[PDB]
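Below you will find one chain, with nothing else, as structure tokens; this is the form deposited in one PDB entry, and questions on how it binds or moves follow later.
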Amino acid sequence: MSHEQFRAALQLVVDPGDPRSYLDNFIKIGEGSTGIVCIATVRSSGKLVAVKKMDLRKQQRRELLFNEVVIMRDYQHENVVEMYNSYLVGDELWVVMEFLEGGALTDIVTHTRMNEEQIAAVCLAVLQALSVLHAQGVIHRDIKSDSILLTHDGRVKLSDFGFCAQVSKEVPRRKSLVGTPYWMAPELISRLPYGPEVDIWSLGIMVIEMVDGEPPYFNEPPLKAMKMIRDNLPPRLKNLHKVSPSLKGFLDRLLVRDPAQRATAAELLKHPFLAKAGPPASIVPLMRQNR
């Protein structure tokens, strides 16, 4: 999708006008791969929202950015980040979304050591989001700690649907090589027709992140790690004994090369390990401003 097609397509789906007519005090607080993030106040309520600003020109695979707004608009799930509106301002796409104070899960996995109560909490939240998404034919395709955001009270939400896809009876499988190298499913790296199961394998890699602090082969070049995930046996935990038999069995249902034998999200929700999931409050102590 080209710069012109991207803008033309967006004009048909975005909300009309400029959000500056109702949002005040824009302050940049960060960035992402496709743009920046500002916080702003809803003039009428004083409520805080996050605004993602993305240049229409300086982008890659704009079609995926377009699907992210089309597919995820009107989407509502307690474990999925909320999108309120979208607008075209100048040569930029502005997406007004929910502001989550807890930050991403990556900050936590690289600065502390989560316990099985915390991990099961994140897994349960992500799995609740995936079971609903997959049932509707939506595949996230970029599951990793960076894509998990936390609320101030410790609630877990799936974010960054920039690589998502929608499969249907018409087209039941995808073949695009998308995501982040270290978290990509083997059948996906292999360019084979794949389905929702790719998210389950990625989640498995995210579990290794929560346990060891990084995904497998993180010390290897991205293309090299991909070959190893694609051709070698499932990656293993360095701290294999640091986990309970419950978590080992859980992880063994995610990291299965043959997607047909890999567990689905709906099934995993019934897995024993998740019974150890603590409450939202158990996650709070992990956050930076609380460490």
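Each residue number is its position in the shown sequence, starting from 1. Note that the rigid core is defined as the largest set of C-alphas that superpose within 1.5 Å between two forms.
Keep in mind that the form deposited with a partner chain bound is not shown, yet the notes after this line are about it.
Judged by heavy atoms and a 4.5 Å cut-off, are 142, 145 and 209 together in contact with its partner chain in the deposited complex?
-> Every residue of the spot touches its partner chain in the deposited complex.
Would you kindly say which of 96, 178, 114, 158 lies with a heavy atom within 4.5 Å of its partner chain in the deposited complex?
-> Looking at 96, 178, 114, 158 one by one, just 178 meets the 4.5 Å heavy-atom criterion.
Out of 244, 41, 33, 239, which one falls within 4.5 Å of its partner chain in the deposited complex, going by heavy atoms?
-> Among 244, 41, 33, 239, a heavy atom within 4.5 Å of its partner chain in the deposited complex occurs only for 33.
Heavy atom to heavy atom, is residue 87 within 4.5 Å of its partner chain in the deposited complex?
-> It does not: once its partner chain is placed as it appears in the deposited complex, residue 87 has no heavy atom within 4.5 Å of it.
So, in the deposited complex, is residue 183 in contact with its partner chain at a 4.5 angstroms heavy atom limit?
-> Flag for residue 183 set to yes.
Would residue 91 count as a contact of its partner chain in the deposited complex, using a 4.5 angstroms cut-off between non-hydrogen atoms?
-> Although its partner chain is absent here, residue 91 would stay clear of it in the deposited complex, with no heavy atoms inside 4.5 Å.
Proximity of residue 214 to its partner chain in the deposited complex, heavy atoms at 4.5 Å | Output for residue 214 is yes: heavy atoms within 4.5 Å of its partner chain.
Stretch in contact in the deposited complex with its partner chain, which is absent here, among 115-123, 145-153, 128-136, 78-86 (heavy atoms within 4.5 Å) = Residues of 145-153 come within 4.5 Å of the partner.
After superposing the two forms on their rigid core, pick out the one entry in 227, 248, 28, 238 with a CA shift of 2 Å or more between the shown form and the other one.
-> Among the listed residues, the one whose C-alpha moves by 2 Å or more is 28.
Core-aligned CA displacement of residue 61 at least 2 Å between the shown form and the other one | Residue 61: C-alpha displaced by less than 2 Å between the shown form and the other one.
Core-aligned C-alpha movement of residue 45 between the shown form and the other one reaching 2 Å | Passes the 2 Å threshold, so yes.
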